[PDB]
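Q: First the structure, then my questions, so here it is.
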Amino acid sequence: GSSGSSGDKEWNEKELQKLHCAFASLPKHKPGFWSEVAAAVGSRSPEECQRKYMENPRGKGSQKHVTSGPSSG
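When the sequence shown is numbered by PDB author numbering, its final residue is 73 and no position is left out of the sequence of numbers.
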């Protein structure tokens with residue numbers, strides 16, 4: 001029947017697949033990897049593709065709210 005989920009800062013398959021796809025299609029050895037994956041993930045920003053992935057890298061991962069880890073940019 002009916003269904004849907006609204007009200008939870010999250011992406012959608014279309015995005016994910018785009019994030020992963022690109023992330024896969026495109027090399028991670030590249031510089032503006034985000035800018036790239038962001039191309040296909042246009043749906044979102046390249047700076048977000050990181051924040052997103054960071055949460056769901058592959059498995060558990062690591063989250064940080066206060067006093068972020070090592071920052072470089």
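Idealized CB from N, CA, C, for every residue including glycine.
1) Using only the alpha-carbon positions, how far apart do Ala22 and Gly59 sit?
2) For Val37 versus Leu16, is the C-beta distance shorter than 8 Å?
3) For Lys52, count neighbouring Cβ atoms within 10 angstroms of its own Cβ and tell me buried if that reaches 16, exposed if not.
4) Measuring straight from C-alpha to C-alpha, what distance separates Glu48 and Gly1?
5) Whole angstroms are fine: how far does the CA of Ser3 sit from the CA of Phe33?
A: Reading from the atomic positions:
1) Rounded to the nearest angstrom, the gap between the Cα atoms of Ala22 and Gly59 is 19 Å.
2) If you check the CB distance, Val37 and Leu16 do not come in under 8 Å.
3) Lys52 should be labelled buried.
4) So the alpha carbons of these two residues sit roughly 33 Å apart.
5) If I take the Cα positions, the gap works out to 35 Å.
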